[PDB]
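Listed below, chain by chain, are the residues.
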Amino acid sequence: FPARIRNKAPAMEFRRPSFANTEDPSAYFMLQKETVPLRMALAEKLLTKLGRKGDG
Amino acid sequence: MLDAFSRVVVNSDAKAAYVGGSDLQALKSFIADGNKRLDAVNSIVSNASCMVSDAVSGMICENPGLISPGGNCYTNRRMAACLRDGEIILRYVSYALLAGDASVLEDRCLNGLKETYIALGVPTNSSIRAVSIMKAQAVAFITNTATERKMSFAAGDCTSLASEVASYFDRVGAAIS
Amino acid sequence: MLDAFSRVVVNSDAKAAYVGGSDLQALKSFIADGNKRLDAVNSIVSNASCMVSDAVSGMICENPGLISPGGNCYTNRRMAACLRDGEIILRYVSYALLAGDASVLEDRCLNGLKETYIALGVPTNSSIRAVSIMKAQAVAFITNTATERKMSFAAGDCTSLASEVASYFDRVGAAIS
Amino acid sequence: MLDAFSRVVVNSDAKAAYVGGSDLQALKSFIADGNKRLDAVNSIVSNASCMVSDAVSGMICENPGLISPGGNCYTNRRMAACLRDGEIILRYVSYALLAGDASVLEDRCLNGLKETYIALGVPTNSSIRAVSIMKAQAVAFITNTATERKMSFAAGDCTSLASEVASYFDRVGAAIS
Amino acid sequence: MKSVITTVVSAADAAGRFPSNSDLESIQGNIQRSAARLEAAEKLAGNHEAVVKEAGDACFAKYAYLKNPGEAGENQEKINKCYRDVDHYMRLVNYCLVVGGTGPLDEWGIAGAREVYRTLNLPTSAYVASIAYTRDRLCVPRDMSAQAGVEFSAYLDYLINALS
Amino acid sequence: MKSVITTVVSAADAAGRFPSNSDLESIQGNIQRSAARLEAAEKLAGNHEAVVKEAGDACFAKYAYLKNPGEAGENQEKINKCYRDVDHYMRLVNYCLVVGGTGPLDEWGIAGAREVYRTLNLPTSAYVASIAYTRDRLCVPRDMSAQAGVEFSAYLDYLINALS
Amino acid sequence: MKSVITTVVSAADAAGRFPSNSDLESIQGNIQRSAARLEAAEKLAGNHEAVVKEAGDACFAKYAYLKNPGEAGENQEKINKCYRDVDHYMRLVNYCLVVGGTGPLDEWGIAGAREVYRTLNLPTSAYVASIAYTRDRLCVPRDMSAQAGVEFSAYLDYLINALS
Amino acid sequence: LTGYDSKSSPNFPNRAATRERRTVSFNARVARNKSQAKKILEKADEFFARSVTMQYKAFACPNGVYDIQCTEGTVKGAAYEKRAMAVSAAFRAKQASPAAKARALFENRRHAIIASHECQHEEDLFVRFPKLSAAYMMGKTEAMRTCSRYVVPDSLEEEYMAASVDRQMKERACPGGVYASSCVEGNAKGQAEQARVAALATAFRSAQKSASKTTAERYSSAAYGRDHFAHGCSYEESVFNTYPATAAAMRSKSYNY
Ligand SMILES: C=CC1=C(C)[C@@H](Cc2[nH]c(/C=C3N=C(/C=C4\NC(=O)[C@H](C)[C@H]4CC)C(C)=C\3CCC(=O)O)c(CCC(=O)O)c2C)NC1=O
Ligand SMILES: C=CC1=C(C)[C@@H](Cc2[nH]c(/C=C3N=C(/C=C4\NC(=O)[C@H](C)[C@H]4CC)C(C)=C\3CCC(=O)O)c(CCC(=O)O)c2C)NC1=O
Ligand SMILES: C=CC1=C(C)[C@@H](Cc2[nH]c(/C=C3N=C(/C=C4\NC(=O)[C@H](C)[C@H]4CC)C(C)=C\3CCC(=O)O)c(CCC(=O)O)c2C)NC1=O
Ligand SMILES: C=CC1=C(C)[C@@H](Cc2[nH]c(/C=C3N=C(/C=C4\NC(=O)[C@H](C)[C@H]4CC)C(C)=C\3CCC(=O)O)c(CCC(=O)O)c2C)NC1=O
Ligand SMILES: C=CC1=C(C)[C@@H](Cc2[nH]c(/C=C3N=C(/C=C4\NC(=O)[C@H](C)[C@H]4CC)C(C)=C\3CCC(=O)O)c(CCC(=O)O)c2C)NC1=O
Ligand SMILES: C=CC1=C(C)[C@@H](Cc2[nH]c(/C=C3N=C(/C=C4\NC(=O)[C@H](C)[C@H]4CC)C(C)=C\3CCC(=O)O)c(CCC(=O)O)c2C)NC1=O
Ligand SMILES: C=CC1=C(C)[C@@H](Cc2[nH]c(/C=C3N=C(/C=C4\NC(=O)[C@H](C)[C@H]4CC)C(C)=C\3CCC(=O)O)c(CCC(=O)O)c2C)NC1=O
Ligand SMILES: C=CC1=C(C)[C@@H](Cc2[nH]c(/C=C3N=C(/C=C4\NC(=O)[C@H](C)[C@H]4CC)C(C)=C\3CCC(=O)O)c(CCC(=O)O)c2C)NC1=O
Ligand SMILES: C=CC1=C(C)[C@@H](Cc2[nH]c(/C=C3N=C(/C=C4\NC(=O)[C@H](C)[C@H]4CC)C(C)=C\3CCC(=O)O)c(CCC(=O)O)c2C)NC1=O
Ligand SMILES: C=CC1=C(C)[C@@H](Cc2[nH]c(/C=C3N=C(/C=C4\NC(=O)[C@H](C)[C@H]4CC)C(C)=C\3CCC(=O)O)c(CCC(=O)O)c2C)NC1=O
Ligand SMILES: C=CC1=C(C)[C@@H](Cc2[nH]c(/C=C3N=C(/C=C4\NC(=O)[C@H](C)[C@H]4CC)C(C)=C\3CCC(=O)O)c(CCC(=O)O)c2C)NC1=O
Ligand SMILES: C=CC1=C(C)[C@@H](Cc2[nH]c(/C=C3N=C(/C=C4\NC(=O)[C@H](C)[C@H]4CC)C(C)=C\3CCC(=O)O)c(CCC(=O)O)c2C)NC1=O
Ligand SMILES: C=CC1=C(C)[C@@H](Cc2[nH]c(/C=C3N=C(/C=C4\NC(=O)[C@H](C)[C@H]4CC)C(C)=C\3CCC(=O)O)c(CCC(=O)O)c2C)NC1=O
Ligand SMILES: CCC1=C(C)[C@@H](CC2=N/C(=C\c3[nH]c(C[C@@H]4NC(=O)C(C)=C4CC)c(C)c3CCC(=O)O)C(CCC(=O)O)=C2C)NC1=O
């Protein structure tokens, strides 16, 4: 895994049509590639709710 | 246009492409049972942030030695790098559901994960135990047999796609086995 | 020099006989994937910037003593002339691919490299480690299984194309042994 | 040097503009007649040794003084140098026919040729009749009107290049006299 | 101009010979390829202003540090020059499709572009990040044929492996 | 020996680079002619032992001054070796239809032919008779197709334009 | 290599004459800087171990985006390589200011430098932030006399006028 | 429009009669206003002939130090005779035959276009300026050591492969059994042997190159003869690819040698 391709991932969004069997122009779908971040914020509330200090 | 979809991921720099109201009919004519398929992959990415939280915590709940000092879920930046990686499989196996094939899952994500994890000190038997939670979590969302939340779909069967994603998580499991 | 069209005419000059409907069928199938051969050098010229680049880093990350004090590629007078040593063997192999034979390669450049390399003191032992870094990335771009850059081709089988480029690089080690 | 495709963008480079469907249709008809264009230069190269040997005695049949003592065309060498002079200015107009532009003969053969003929005493009243003789033979080959040679061509008109071949001949004598 | 027509007449001129029929095979390959190459250029002549604006927005998205002072994007007049510097490439990519060869690219835009970019402190890492965004999000059945999406996209990565 | 695609790679290292995008446009064009020309090689292949003796005594029907002594054409085994000298000119003109270009022609049919035909006093006008004796009877819809019928003669008159 | 001695000893041989008395005047000028330049060599040789840090930290303050993931400094081990990188350039100014010329730099430091930086994507404008920081740091009262301040500061300005 | 009319200028060339005039007045009226640009483009190409002969000596003097390639002297004053022999023969080659005048021009406008590897700006200069193309060849063919003085043999057979081609290359020197003035040793009473005494010094020390200087010159000479003589002659390329001194002693110009 190189330095450029590391924690890179697709990301996709879904807006379905509004009513069944009718064509909807608002329905749209992303397929944007996006680097997944480190996410330190919920890392703190998951380690503290389960075990001990985590301060090595 | 799946080959043009595959070039958004494989081209080693981030682009963007999106599908309007005209070419959504191009996708339904292309992919078989795509109204069952796009309902399925929407029901994984909408609840993936809860899905990564129960996956790492059940690994703690049946093996609490990871959060011990000297463990691999100690020193919380190291615990955050599990939570980074835990959706990276679910970002890519959702993409394996979208393309209908796990070729792009293999070389970009699974290739080299076995030798990386023994280089860093990852316990591999907990790593199959983390992904087997996410194998059981996706089929409760595709079949909508999840206990806590439920989603809204048009009625029918989706057990072929539930078996199709079950043939994708063991590719993650046997790569790091 | 001479092509795969002329490779049966290599034999036909010493036949006291001709080439007709006895050997055109071996050349008829070369046309049936003549689109494929022109489609499988379009991947090789598509990544010319990286193939000589990651090759010479592929030996640094394994044998790093070559840039140590007492090295063959010590200063920038040497290693900038090492990237010219490693690029022109990517040049005379792509001429050999469109010809179907090593008649361009084995006489224009590789005709006796063991009086220009042992006359300099070039390390032959990690030159062949600098060969299979490019061979393993040549067969990886023939197939569309490169984990970074996907390429949009027409579907089909190219194992005869992937085995041929490995059988060009093999005699490079023979030309330095 | 500067062929027909290069010509249509070098007068459009000073426009600082793109090349869209205003003049590409004039170039799309150039590649339409390209099959007839290869069916025109084939009729010139196929009969080279006759038509260069033709005019060297067809010049002196009108002017017998050129074979007289004290003649420019008097000895064996000055004729042997004349015949090898003879197909150079016809192999270059074949280059202009095959490339669609007159920008290969007027920089490599008409590049100061009236400069050198004055330095040797080569006559010019004979050198323009010796190419006008070799001009009518070039429109009697692209239009199949030769009386001792017939090239089997499909049904169609060849006044498209009849004035255009002679356009690559009248510029010759004008800029060498 | 390095076109296929010039390369087969320059070897014909150097040998002192006539146009032989071996070169005539290569001219036959043009009129087969010319229809699947000109409409890559005809669609580029009607889309150039919308593609050159959408290219440079990923130049500043991948490297947003150029807006700092001392860099090459601190004021508006040279960010305007950045779009002009990249429009000149995607005009010469249009020019080389019509010729068929790589003639206008390696002579006008490329030859001499190395020793002026490091001279004026311009990185080529942001130059290749402008066209690689252009070369990627372009669906080969949606805009043009399956052949022009191969041939034209083979011209855009010719810049990247000559600049890197 | 110069054919369609060994020439354009002989010029591709003459500048010191890779294949271009127009370098592949040349290799498509012989593929457009690797069916219309390989039928013309097959017509010579299964008929060559009929045409060696057909056009062989054709030239002997021209020149009566070889039939008396004072020449190298006195006895029988010279005329047997003359029919050998026919077979070499059909061996390599069959070769050029396989590779597309004038490769095998210029080497051992065109270059060096002046010395061993003029110091050896075997006249080149006697050779061009039997060369044209094959060329003046191409039955275009009978022996081959219409496109093989025009390019088979285009290789026949190459020794015409060179040797005479 | 370039020095006062080896430059002027060349034209004696390359013109084929003896050692002159003008080249004897040239080594006399090397004596006037022998006790004037070599004090800076022993200065920095006992001083690099703290200025390899503060001039290695000097460029990343200007360019914090090198430590960003993806580019040439996206590894704590790349920056371990990056500090070793800058300890080769002024490792040669200890070799250049001991000889009297730019010999250890024009043959070991700049020769091939722009070609291993384009291919391996190392931005040359960060070396302009690396050792020219020491040019803006140099104190002629405190550190060393104004003879090093005219000669050590000169050899640095040779390099920025070479890596640009 | 500018005025009441627009007549042509009297400074335009070819404006007077030149029909029944004297010889003095004929030549004055054909070269009326053409003398300026003839002398503009005469100092133009002479500066081009002075400029590329400088740009190839920069390889001969890398980073401000002279190599073993310059070496114009070996003994006391061994360049004074080399000074005369290089500049007296330059006048001898300016009184050549009128057949060799354009033979020099059209062949210099042949090989330079080959060596200028497809750069359209560069071939446009070589067609207008014949002095530039005479200087482009001998500068580059001496920058890359390819002509006669540096491609020494390494085998024992290659001394006759040299000797086979060169005395057959000197068919270009002798027209018949006479010699020519283009191949003259010298014209002083010692200048014959004074050309020899330098001719062995320049061959000897040029056989003392480095390992890089011989291994990079043994492939540059091979591709040189592979795109100047053997354009398709694969038999001649079969000796040009493995035996580079064969591919180097043969000279691309009609040098009358
Ligand atoms: C582009 C594709 C891509 C992937 C496929 C993933 C894969 C991946 N994971 C980690 C890196 C890591 N992955 C883990 C995860 C774990 N360790 C454990 O013991 C648990 C079992 C598990 C959490 C559930 C940890 C802890 C690290 C950091 C290692 C360390 O800091 O020592 C790295 C770090 C090396 C690098 O940056 O190259 C990569 C590539 N990330 C990506 O960017
Ligand atoms: C671009 C966004 C986009 C989507 C997300 C889907 C959403 C979607 N699915 C269906 C329609 C359907 N969706 C499902 C799927 C399911 N039903 C189940 O019982 C399973 C639990 C679940 C599969 C996991 C089925 C079975 C149908 C009906 C058959 C079909 O049309 O495929 C319909 C048609 C509804 C109607 O007739 O009005 C729509 C809009 N389609 C889209 O265009
Ligand atoms: C301390 C001990 C501890 C555990 C043992 C686990 C508990 C746990 N839950 C699930 C199982 C699951 N987990 C989810 C995930 C979710 N459900 C939702 O509705 C949300 C959107 C999302 C985050 C809460 C789903 C959908 C299932 C399957 C159905 C279910 O059991 O609820 C599984 C996998 C199936 C199996 O048991 O094999 C496990 C191991 N979590 C813990 O903390
Ligand atoms: C036409 C045929 C032809 C070739 C096959 C190559 C072969 C070749 N390599 C070098 C020369 C060299 N080649 C290398 C390359 C390497 N040394 C190593 O330790 C590594 C194994 C490898 C880089 C990965 C180096 C370091 C030099 C010496 C550079 C110098 O002379 O300063 C030389 C002498 C100088 C030169 O021409 O570059 C030649 C002929 N070059 C050619 O012209
Ligand atoms: C002038 C420039 C020029 C090119 C760039 C190539 C471009 C090219 N590639 C293919 C066409 C093809 N290319 C491939 C090759 C592959 N497909 C895969 O999935 C594998 C990854 C890879 C094998 C290595 C295949 C399988 C075909 C279809 C033709 C065939 O199957 O023989 C075709 C034929 C399509 C058609 O004619 O309509 C063309 C023109 N040819 C040219 O003339
Ligand atoms: C008194 C001296 C004298 C001659 C020696 C001949 C020579 C000759 N032939 C042609 C004219 C020509 N010459 C040829 C050439 C050839 N024809 C063929 O069929 C062969 C393929 C090829 C010889 C190998 C052709 C095709 C023409 C035009 C048709 C014709 O008039 O014959 C012309 C041009 C007439 C003009 O000026 O318009 C001349 C001078 N005619 C003369 O008046
Ligand atoms: C590699 C070598 C090579 C060639 C020599 C040509 C050979 C050639 N010529 C034509 C085809 C043709 N050639 C002519 C030309 C003429 N008809 C006349 O009446 C005039 C005498 C003469 C004008 C110069 C015409 C009119 C056609 C028909 C096609 C068209 O009109 O566009 C065709 C198409 C017909 C077919 O497919 O069978 C071909 C293959 N093409 C090649 O690829
Ligand atoms: C001549 C050269 C040329 C190209 C290479 C393409 C490139 C290109 N694409 C788009 C425009 C677009 N490009 C895409 C991307 C895609 N579209 C899809 O259907 C897939 C999801 C994905 C390709 C696989 C989308 C979705 C749009 C429309 C903008 C949007 O809705 O977001 C635009 C702007 C035009 C507009 O306003 O829409 C351009 C220049 N177009 C050209 O004219
Ligand atoms: C014929 C083809 C042709 C080209 C390729 C360009 C090449 C080019 N660019 C610039 C000049 C420039 N080019 C850029 C462009 C950029 N800098 C960035 O921040 C980005 C990396 C990139 C835009 C995406 C900038 C900012 C300048 C101004 C630099 C300066 O003048 O100091 C100049 C100097 C003269 C001038 O400013 O006009 C030249 C010759 N110009 C041409 O005429
Ligand atoms: C030892 C190296 C060597 C060379 C590089 C060439 C160089 C060369 N070519 C020719 C002379 C020639 N050289 C060729 C060239 C060729 N002839 C063919 O049949 C081939 C296709 C092609 C490559 C062999 C031709 C056609 C001539 C005759 C035309 C002329 O005299 O210029 C001559 C003078 C005549 C003679 O050979 O006596 C010389 C020195 N010859 C050599 O002996
Ligand atoms: C590979 C090249 C090749 C050829 C070109 C032919 C050439 C050829 N044709 C004939 C044989 C013949 N050739 C003709 C001539 C013709 N027939 C017609 O329909 C037309 C009017 C005219 C063609 C212009 C006829 C009529 C015969 C048979 C009867 C005869 O004349 O003897 C023969 C004698 C052997 C036989 O009986 O067939 C030969 C060698 N054969 C070959 O192997
Ligand atoms: C019979 C034909 C005929 C001509 C074509 C002109 C040619 C011509 N032009 C000028 C002279 C000139 N011609 C131009 C014209 C131009 N410079 C430019 O920048 C533009 C490219 C272009 C017009 C748009 C200019 C600017 C002068 C300069 C006058 C001066 O030097 O003061 C002169 C010298 C002044 C003179 O003699 O009066 C001559 C002879 N005269 C003629 O008799
Ligand atoms: C007096 C007139 C005059 C010229 C015509 C040029 C001709 C020329 N160009 C270069 C040198 C060069 N010339 C070019 C130009 C080109 N190479 C390419 O790849 C492009 C296709 C083409 C531009 C269109 C390049 C890129 C170099 C540097 C690389 C080299 O040395 O070959 C050199 C050698 C420089 C040196 O020795 O240091 C010379 C003499 N120079 C002149 O002084
Ligand atoms: C046209 C007939 C002709 C010549 C050739 C020269 C030959 C020549 N070179 C000289 C002398 C000389 N030669 C060189 C080197 C050489 N010179 C260069 O310009 C470059 C680039 C060189 C290496 C290739 C140097 C460096 C000198 C010393 C003069 C100097 O440059 O300071 C000297 C003086 C020797 C002496 O002092 O006794 C002569 C006569 N003179 C002529 O009349």
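Here, residue numbers run from 1 along each chain following its sequence as written; these need not agree with the numbering used in the entry, and residues that have no coordinates do not appear. Chains and ligands are labelled by the order in which they are written, letters from A for the one and numbers from 1 for the other. Shown here is not the whole assembly but part of a larger one, and the values apply to the part shown. No hydrogens and no water enter the side-chain calculation; it runs on all heavy atoms of the structure. Residues with missing side-chain atoms are left out of burial classes, side-chain pairs and their counts.

Its PDB record attributes the structure to cryo-EM, giving the resolution as 4.3 Å.

A. Representation of the overall build of chain H within the structure. The helix and strand labels rest on DSSP assignments: H or I over at least four residues marks a helix, E over at least two residues marks a strand, and numbering proceeds from the N terminus. Of regular secondary structure, chain H possesses 14 helices and zero strands. Ordered by position in the sequence, the α and β elements of chain H form the string α-α-α-α-α-α-α-α-α-α-α-α-α-α. Based on C-alpha atoms, the radius of gyration is set beside the globule rule, defined as 2.2 Å times the residue count to the power 0.38. Computed over C-alpha atoms, the radius of gyration of chain H comes to 24 Å, more than 25% over the 18 Å expected from 2.2 N^0.38 for 257 residues, which places it beyond the range of a compact globule. The principal-axis extents of the C-alpha atoms in chain H amount to approximately 85 × 45 × 45 Å. Think of it in three bands: with a 1.4 Å probe and only protein chains considered, a residue is buried below 20% of the maximum accessible area for its type, exposed above 50%, and partly exposed in between. Here chain H, with 257 residues, has 30% of them falling under the buried criterion. Whether two residues touch is decided by their heavy atoms; if any such pair falls within 4.5 Å, the residues are in contact. Sequence-distant contacts in chain H: of pairs separated by 6 or more residues, those separated by 24 or more amount to 65%. Areas reported as accessible are Shrake-Rupley estimates using a 1.4 Å probe. Residue values count occlusion only from the protein chains shown. For chain H, the exposed surface amounts to about 16400 Å²; the carbon and sulfur share of it is 59%. Taken together, the 39 basic and 26 acidic charged side chains of chain H have centroids lying 11 Å from each other. Only four residue types enter the charge count, namely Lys and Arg as positive and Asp and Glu as negative; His and the chain termini do not. Note that the charge is assigned to NZ on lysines, CZ on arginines, CG on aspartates and CD on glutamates.

B. How the structure looks around the overall build of chain A. A count of helical and extended segments in chain A gives one helix and two strands. Tracing chain A from N to C terminus, the helices and strands come up as β-β-α. A compact globule built from 56 residues should have a C-alpha radius of gyration of about 10 Å, whereas chain A, at 19 Å, is more than 25% larger. Long-range pairs, those at least 24 residues apart, make up 25% of the contacts in chain A with a sequence separation of at least 6. Element-wise, carbon and sulfur atoms account for 58% of the exposed surface of chain A, whose accessible area totals about 3600 Å².

C. Inspection of the interface of chain A and chain B at higher detail. If you look at the interface, chain A gives 38 residues, while chain B gives 50 residues. Defined here as a combined quantity, buried area equals the accessible surface (1.4 Å probe) lost by two parts on assembly, summed across both. Surface buried jointly by chain A and chain B totals about 3800 Å² across both partners, of which 65% is contributed by carbon and sulfur atoms. Per-residue buried area on chain A facing chain B is highest for A:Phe1, A:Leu31 and A:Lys33; these three make up 18% of the total on that side. Salt bridge, as used here, is a side-chain nitrogen of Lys or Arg placed within 4 Å of a carboxyl oxygen of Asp or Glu. On inspection of chain A and its partner chain B, the count reaches two salt bridges.

D. Structural view of the pairing of strand β1 (residues 8-14) of chain A. All names here are of chain A. The buried fraction of β1 is high, at six of seven residues. For two strands to be treated as a pair, DSSP must find at least two bridges joining them. In terms of strand pairing, β1 meets strand β2 (residues 29-35) through seven bridges, oriented antiparallel. Bridging across to β2, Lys 8 finds its partner in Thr 35.

E. Representation of the site of ligand 3 in the model. All names here are of chain B. In these notes, residues near a molecule or strand are those with any non-hydrogen atom within 4 Å of it. The local shell around ligand 3 holds 14 residues, among which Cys 50, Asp 54, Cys 61, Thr 147 and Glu 148 are the closest. Counted as a polar contact is a pair of N or O atoms within 3.5 Å, where, for protein atoms, one must be capable of donating a hydrogen and the other of accepting one, and residues adjacent in sequence contribute only when both atoms are in side chains. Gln 137 places a polar side-chain atom, nitrogen or oxygen, 3.2 Å from a nitrogen atom of ligand 3. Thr 147 is positioned such that a nitrogen or oxygen atom in its side chain is 2.5 Å from an oxygen atom of ligand 3. Relative to its free-state accessible area of 880 Å², ligand 3 is covered by the protein chains to the extent of 64%. Among the elements of the structure, α4 (48-62) and α8 (124-142) are those that each provide at least two residues to the shell around ligand 3. Note that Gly is not counted as nonpolar here; it falls among the polar residues with everything else outside the nonpolar set of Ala, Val, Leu, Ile, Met, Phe, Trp, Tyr, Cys and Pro and the charged set of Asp, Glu, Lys and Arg. Grouping the constituent residues of the shell around ligand 3 by class yields seven nonpolar, four polar and three charged.

F. Looking closely at the arrangement of the chains. Taken together, the 17 pairs of chains in contact show their highest number of contacts between chains A and B. Across the gap from chain A to chain D, with no contact made, the nearest C-alpha atoms are 32 Å apart. When C-alpha atoms are compared, chain A and chain E, though not in contact, are closest at a spacing of 10 Å.

G. Spotlight on the side chain of D:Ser43. All names here are of chain D. Tracing the chain through its elements places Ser 43 in helix α3 (residues 34-45). With a relative accessible area of 1%, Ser 43 lands in the buried category. Engagement of the side chain of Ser 43 in a polar contact is seen with the side chain of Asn 42, the distance being 3.2 Å. Once you skip the residues sitting within four places of it in the chain, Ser 43 turns out to touch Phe 141, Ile 142, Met 151 and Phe 153.

H. Geometry of the interface of chain D and chain F. On the side of chain F, six residues touch chain D, which itself brings seven residues to the contact. Its largest share of buried area at the contact with chain F, chain D owes to D:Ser46, D:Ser49 and D:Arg149, together 59% of the area lost on that side. The tally of links between chain D and chain F comes to zero salt bridges. At the junction of chain D and chain F, the tally comes to five residue pairs in polar contact. Among the residues forming the side of chain D that touches chain F, the class breakdown is two nonpolar, four polar and one charged.

I. Region of interest: unusual backbone geometry. All names here are of chain B. Even without a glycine there, the phi angle at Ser 12 is positive, about 60°. With respect to the element layout, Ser 12 can be found in the loop between α1 (2-10) and β1 (18-19). Even without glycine at this site, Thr 75 takes up a positive phi of about 45°. Tracing the backbone through its elements, the reader meets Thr 75 in the loop between α4 and α5 (77-99). We classify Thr 75 as partly exposed; its relative accessible area is 24%.

J. Just the packing of aromatic side chains, in detail. Aromatic contacts are taken between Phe, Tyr and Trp rings whose centres are within 6.5 Å, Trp giving its six-membered ring; a plane angle under 30 degrees counts as stacked, one over 60 as edge-to-face, and the others as tilted. Under the criterion given, the structure shown has 21 aromatic pairs over all chains. Ring geometry for C:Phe5 versus C:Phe30: centroids 5.7 Å apart, planes at 80°, classification edge-to-face. Of this pair, C:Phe5 sits in helix α1 (residues 4-12) while C:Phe30 sits in helix α2 (residues 24-32), and the two are 25 residues apart along the sequence. Plain terms: the ring middles of C:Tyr92 and C:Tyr95 are 5.6 Å apart, the flat faces sit at 80° to each other, and that makes the pair edge-to-face. With C:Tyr92 and C:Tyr95 both in helix α7 (residues 91-99) and three residues apart, this pair spans about one turn of that helix. For C:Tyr92, a relative accessible area of 4% corresponds to the buried category. Residue C:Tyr95 is classed as buried on the basis of its relative accessible area of 0%. Taken together, the ring pairs connect A:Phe14, A:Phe29 and B:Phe5 into an aromatic cluster. Two conditions define a charge located above a ring, namely a distance within 6 Å from the ring centre to NZ of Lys or CZ of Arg, and an angle within 35 degrees of the ring normal. Residue placement shows E:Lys67 over the ring face of E:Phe60; its charged tip is 4.6 Å from the ring centre.

K. Fine view of the sheet that holds β1(A). Here we have three strands laid out as an open sheet, ordered β1(A)-β2(A)-β1(B), and antiparallel in their pairing. With partners counted over all chains shown, the strands left at the sheet margins are β1 of chain A together with β1 of chain B, one partner each. The pairing of β2(A) with β1(B) spans two bridges and is classified as antiparallel. Bridged to A:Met30 within β1(B) is B:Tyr18. Strands β1 and β2 of chain A together with β1 of chain B of the sheet are contacted by α1(B), whose axis makes an angle of about 20° with β2(A). For helices, the fitted line uses only the C-alpha atoms of the stretch in contact; every axis is such a line through C-alpha atoms, and the angle between N-to-C directions lies from 0 to 180 degrees.

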